[PDB]
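Trainee: would you be able to build a 3D model of this:
(chains A and B, ligands or ions: 5)
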Number of protein chains: 2
Amino acid sequence: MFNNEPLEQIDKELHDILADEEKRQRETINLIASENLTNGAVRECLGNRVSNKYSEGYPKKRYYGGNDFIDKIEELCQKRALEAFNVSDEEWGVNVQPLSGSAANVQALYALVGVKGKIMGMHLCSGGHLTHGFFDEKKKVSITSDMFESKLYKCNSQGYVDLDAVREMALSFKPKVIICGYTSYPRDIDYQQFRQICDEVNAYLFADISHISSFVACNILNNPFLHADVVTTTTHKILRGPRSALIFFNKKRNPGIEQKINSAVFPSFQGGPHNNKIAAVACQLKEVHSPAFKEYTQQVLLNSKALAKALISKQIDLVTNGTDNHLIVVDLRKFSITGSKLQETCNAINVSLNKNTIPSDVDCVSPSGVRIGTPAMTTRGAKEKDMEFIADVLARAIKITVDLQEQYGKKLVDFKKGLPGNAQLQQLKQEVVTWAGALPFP
Amino acid sequence: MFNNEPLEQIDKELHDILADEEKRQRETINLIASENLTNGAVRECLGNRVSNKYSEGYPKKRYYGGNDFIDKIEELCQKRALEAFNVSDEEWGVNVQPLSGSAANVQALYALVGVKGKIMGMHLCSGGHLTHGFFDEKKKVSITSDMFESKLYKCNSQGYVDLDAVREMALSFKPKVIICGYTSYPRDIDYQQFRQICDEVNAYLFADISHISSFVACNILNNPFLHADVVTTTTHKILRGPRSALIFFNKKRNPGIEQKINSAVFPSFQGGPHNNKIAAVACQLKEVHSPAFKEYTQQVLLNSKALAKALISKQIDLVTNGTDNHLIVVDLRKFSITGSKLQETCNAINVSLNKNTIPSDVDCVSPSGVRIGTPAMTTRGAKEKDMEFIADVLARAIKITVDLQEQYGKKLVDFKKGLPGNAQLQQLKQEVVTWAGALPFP
Ligand SMILES: Cc1[nH]nc2c1[C@](c1cc(F)cc(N3CCC(CCC(=O)O)CC3)c1)(C(C)C)C(C#N)=C(N)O2
Ligand SMILES: Cc1[nH]nc2c1[C@](c1cc(F)cc(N3CCC(CCC(=O)O)CC3)c1)(C(C)C)C(C#N)=C(N)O2
Ligand SMILES: Cc1ncc(COP(=O)(O)O)c(CNCC(=O)O)c1O
Ligand SMILES: Cc1ncc(COP(=O)(O)O)c(CNCC(=O)O)c1O
Ligand SMILES: [Cl-]
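Mentor: Residues are numbered from 1 along each chain as shown, chains lettered A, B, ... in the order given. Ligands and ions are numbered 1, 2, ... in the order given. And now the structure:
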């Protein structure tokens, strides 16, 4: 008693929008630092009937039976996850059930400190995530600032984490957890100095490595696993998995953390896991551990350095004047345009990026930069020499944005009226589409 | 720079477990009340490249651009959801971003009451969900009992909601929310009498209709939308959608609820939505509104009534002695076997069901029943006539479970040793497989 007609027939309306979406992804220079493109195998897992199964609890200790094949999948994912990040299953544990990055972090934090517990994280405006305690005078914006007592540390006026301030804060504030690893931080993290600070005050070290997961995995950047009690990571960004998350916990530094984290995920916060996700995460974690994927990750950094260099060559300023990873933050103050305006301009030429705060921005209202990253375009096959063209297109959008602002004014709603029909944008869009539409597409 | 070899090639190990899972689904009598089988269209959406896109925020008010086609999908889903549940988009709103039922409920509750807020729900042992405030003497098991102050109301000795007890509790406890709609409740709900008690104390009315959603949509059961301030539902049980959830909120009764709920979902709790889910939910919410799906739903009730009847004909006792919906709870006290033992026995014959508490069970340690339901098998094409066979197989499993307990004793570890090799189980397994394997399978 069901309709098994294909998507095209069953729902032509939805199917057109999805074919349109696919064409827009195919014809876009995607510079969203947090985005990537999943291969066919990962997407086959996500559409697999394994998502029909309710399997609350953990492998073996399920509430229901009929979960023998689901237990192998979930155990195969855990194993492949510990292998990928070069950790011993005797020393480290992993929970593979969190539905996404934000859930993973709220659950893990709750395990460690509970309700009313004290946490420290980087401010959102300085490159921290919402789930690192974000609030503002007017509201406890994140649940992590409300169900916990959070305090927030800032980067210095050059974009770097200020460890002297972290200590000043940790000593007086006395948190049970300090969060490092960030959403728009263009440099590597000194986890050892974090570990040193946490020991001093008795707090846990929480490393959220969602943006830099592949680099840690492939030993191209510092290893938080040497110093951290907990590591969380999304699986959908540079790692190139599905939309999901992983929580890692250091059993040796903290026996009985295994039970706190697993119970926090279920039954404290979640119900039934999403086994299609777990299958998909398994499939990608095998690719992660090949030598092929290390080649890819290295290309991400090569492309990002080259992109950094070419933008500097065209006199564009970058936060910290460079990058040690996949992402760059462009400081747009010298052109007197906001990041929102350039985001719209770039949207009109099929260039995907996001507006992003810089150290000088007091508020998160009207951010003065944009963030770009290379994982997506590196997946689509761009090499070092391709970065001069992206740098060229970005330079040309900044110039056009400046022209349009002069003509139409500095109000965002007035600015946008200039965008449609603009001859240079149409020319530039066309140039973007021709280069983008040609690149390999999974 | 990626590997596009198909799943079989890329990962043969995983592909075999998944093909084994599919074989086990096809050769199982699935009586899990909360499970169903998604069609090919829903599973095409789930594997769509739309999950590559980060689209934090809500349609139009997005944080990034490039979200034109994602905005159409998310607006199409919202529209189709309001249509399906016969609500006016002027009077009701819907959030389509919650990743699953439990997330949906924690976010909705938080919107309404905040941290430390007071809530009331059905106890887990009496058929409530974990996210309805479940705790026990030893621990606050759900975050809903910890981040909130919860109190729990029990059903009476016959398994009915005791409204006189809800008022006894609501008047002294003074909660800000009262939760109704349940996980293993075999009867319909008097929402009007709940709306009467909530008005009396000034609490909100929260209806979690995850298990009975299709009935509510098709006007086969009472309509909580006439009385409730908030309605939540999962999309993957009787509704037959993907794994996701919907939060509905009553603008008319509570202006300013819209912002509270949307802000609770993001950015309080979640990050980026999962657009493959949203697409899939859209795809199914179209099927839901057809007269065909109302036929399916009606059949679920016909099968459940017939199943109830046939088990009573074989002298098996049901909690409340019957059912008004898709599910039955079987009381196993007269056979002196636990639900856990019958769940193992049934797993051995490819019968999927779960252990479930009954009113007499003081604790959750030894549940004295099993819960069964018909949506899955009704999807696979079973009619009223076929329920005698299911009832026969379940009676035969109960008998075998009684035999095995006599021989090996009442310890579960001992009981299980009797299971492998048992001739009648192998015989009954084979009967189940032969009938199950034949049935239509999406
Ligand atoms: C959307 C989002 N999520 N997490 C982020 C962001 C980032 C961001 C950029 C931006 F321009 C604005 C914002 N917000 C501004 C304040 C918002 C508060 C909304 C509310 O009060 O409900 C929360 C999101 C957040 C980008 C990576 C997209 C950000 C920055 N800068 C940082 N650090 O992290
Ligand atoms: C697994 C689960 N989730 N939500 C449920 C259940 C049900 C359930 C059945 C059952 F036999 C046991 C349980 N639990 C017993 C207590 C458990 C506490 C675990 C902990 O201490 O962390 C949580 C799950 C929960 C079934 C529908 C499967 C249940 C019942 N009875 C009710 N009412 O709702
Ligand atoms: C450090 C960090 N942690 C957690 C998350 C949450 O992921 P979910 O969206 O899966 O909840 C993000 C995503 N940040 C968005 C971006 O950088 O574009 C992140 O950057
Ligand atoms: C009434 C109710 N609400 C919320 C949920 C949570 O759904 P997720 O598993 O998607 O978090 C359930 C799960 N029902 C479990 C069962 O009956 O088998 C439920 O029964
Ligand atoms: Cl999914």
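Trainee: now the strand or helix carrying residue A:378: buried residues?
Mentor: Here residue A:378 sits within helix A:375-379, counting by DSSP states H and E. Residues of helix A:375-379 classed as buried: A:375-379 (neighbour count, 16 or more other C-beta atoms under 10 Å in any protein chain shown). Every C-beta, even on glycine, is put in place using the N, C-alpha and C of the backbone.
Trainee: if the closest residue to ligand 3 within the stretch 251-400 of chain A is in a bridge, with which residues?
Mentor: Nearest to ligand 3, among the residues of the stretch 251-400 of chain A, is residue A:354, at 6.6 Å (C-beta to the nearest ligand atom). Using DSSP bridges, the bridge partners assigned to residue A:354 are residue A:371.
Trainee: starting from ligand 4, give me the distance back to it.
Mentor: For residue A:354, the distance to ligand 4 under the criterion C-beta to the nearest ligand atom, to the nearest Å works out to 30 Å.
Trainee: count of neighbours near that residue?
Mentor: When counting by other C-beta atoms under 10 Å in any protein chain shown, one arrives at 26 neighbours for residue A:354.
Trainee: on that earlier part again, in CSV, list the buried residues of helix A:375-379 along with distance to chain B.
Mentor: Listed next are these as CSV, based on distance: C-beta to the nearest C-beta, whole Å:
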residue, distance to chain B
A:375, 10
A:376, 8
A:377, 10
A:378, 6
A:379, 6
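Trainee: can those residues go into JSON lines with extra columns for distance to residue B:168?
Mentor: Below are the buried residues of helix A:375-379 laid out as JSON lines (distance: C-beta to C-beta, whole Å):
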{"residue": "A:375", "distance to residue B:168": "58"}
{"residue": "A:376", "distance to residue B:168": "59"}
{"residue": "A:377", "distance to residue B:168": "64"}
{"residue": "A:378", "distance to residue B:168": "64"}
{"residue": "A:379", "distance to residue B:168": "61"}
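Trainee: of those residues, which is the nearest to residue A:334?
Mentor: Residue A:334 lies nearest to residue A:377 out of the buried residues of helix A:375-379, by C-beta to C-beta, at 25.6 Å.
Trainee: surely that closest one meets residue A:28?
Mentor: No - counting by C-beta atoms under 8 Å, no contact exists between residue A:377 and residue A:28, whose distance comes to 9.8 Å.
Trainee: name the residues contacting each of these two.
Mentor: Counting by C-beta atoms under 8 Å, 6 or more residues apart in numbering or on different chains, no residue touches both residue A:377 and residue A:28.
Trainee: one step back: switch the buried residues of helix A:375-379 over to a markdown table; also include distance to ligand 3.
Mentor: Formatted as a markdown table, the entries for those read as follows, by distance: C-beta to the nearest ligand atom, whole Å:
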| residue | distance to ligand 3 |
| --- | --- |
| A:375 | 11 |
| A:376 | 11 |
| A:377 | 15 |
| A:378 | 17 |
| A:379 | 16 |
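Trainee: any idea which of the residues you listed is closest to ligand 2?
Mentor: Checking the buried residues of helix A:375-379 against ligand 2 by C-beta to the nearest ligand atom gives residue A:375 as the nearest, at 37.5 Å.
Trainee: tell me where the stretch 201-350 of chain A has helices.
Mentor: Under the criterion DSSP state H, counting those that start in this stretch, the stretch 201-350 of chain A contains helices at A:213-217, A:257-263, A:275-288, A:291-313, A:339-348.
Trainee: out of these, which comes closest to ligand 2?
Mentor: With C-beta to the nearest ligand atom as the measure, helix A:257-263 is the member of these nearest ligand 2 (5.2 Å).
Trainee: quick one: residues in contact with that closest one.
Mentor: A:58, A:93, A:95, A:107-108, A:111-112, A:229-230, A:247, A:249-251.
Trainee: taking the residues you listed one by one, which sit in strands?
Mentor: When DSSP state E is applied, these are split such that A:93, A:95, A:230, A:247, A:249-250 fall in strands.
Trainee: from those residues, which is closest to residue B:288?
Mentor: Taking C-beta to C-beta as the measure, residue B:288 lies nearest residue A:95 of these, at 33.7 Å.
Trainee: in the stretch 101-250 of chain A, what residue is nearest ligand 4?
Mentor: For the stretch 101-250 of chain A, the residue positioned closest to ligand 4 under C-beta to the nearest ligand atom is residue A:103, at a distance of 11.1 Å.
Trainee: what is the neighbour count of that residue?
Mentor: Quick note: residue A:103 (other C-beta under 10 Å) scores 25 neighbours.
Trainee: any idea how far residue B:66 is from residue A:427?
Mentor: Using C-beta to C-beta, to the nearest Å, one gets 20 Å for the distance from residue A:427 to residue B:66.
Trainee: which one of those two has more residues nearby?
Mentor: residue B:66 (25 against 12).
Trainee: surely that one and residue A:24 touch.
Mentor: Yes - assessed by C-beta under 8 Å, residue B:66 is found in contact with residue A:24 at 7.1 Å.
Trainee: quick check: the residue of the stretch 101-250 of chain A closest to ligand 4 is in a helix.
Mentor: Yes - the assignment for residue A:103 by DSSP: H, G, I helix; E, B strand; the rest coil puts it in a helix.
Trainee: what residues does the stretch 301-442 of chain A have near chain B?
Mentor: Counting by C-beta under 8 Å from any C-beta of the partner chain, the residues of the stretch 301-442 of chain A lying close to chain B are A:343-344, A:346-347, A:352-355, A:378-381, A:440, A:442.
Trainee: try it again at 6 Å.
Mentor: A:343, A:347, A:352, A:354, A:379, A:381, A:442 (C-beta under 6 Å from any C-beta of the partner chain).
Trainee: could you do the stretch 51-200 of chain A as well?
Mentor: A:51-52, A:54, A:64-66, A:69, A:72-73, A:99, A:101-102, A:115, A:130, A:141, A:143, A:146-147.
Trainee: and the helices of the stretch 201-350 of chain A: which comes nearest ligand 4?
Mentor: Closest among the helices of the stretch 201-350 of chain A, once you apply C-beta to the nearest ligand atom, is helix A:275-288, at 11.8 Å.
Trainee: can that closest one be found next to chain B?
Mentor: Yes - Helix A:275-288 is in contact with chain B by C-beta under 6 Å from any C-beta, via A:282-283, A:286.
Trainee: buried subset of these?
Mentor: A:282-283, A:286.
Trainee: ok, and of those residues, which contact ligand 4?
Mentor: Of the residues in these, proximity to ligand 4 by C-beta under 6 Å from any ligand atom holds for none.
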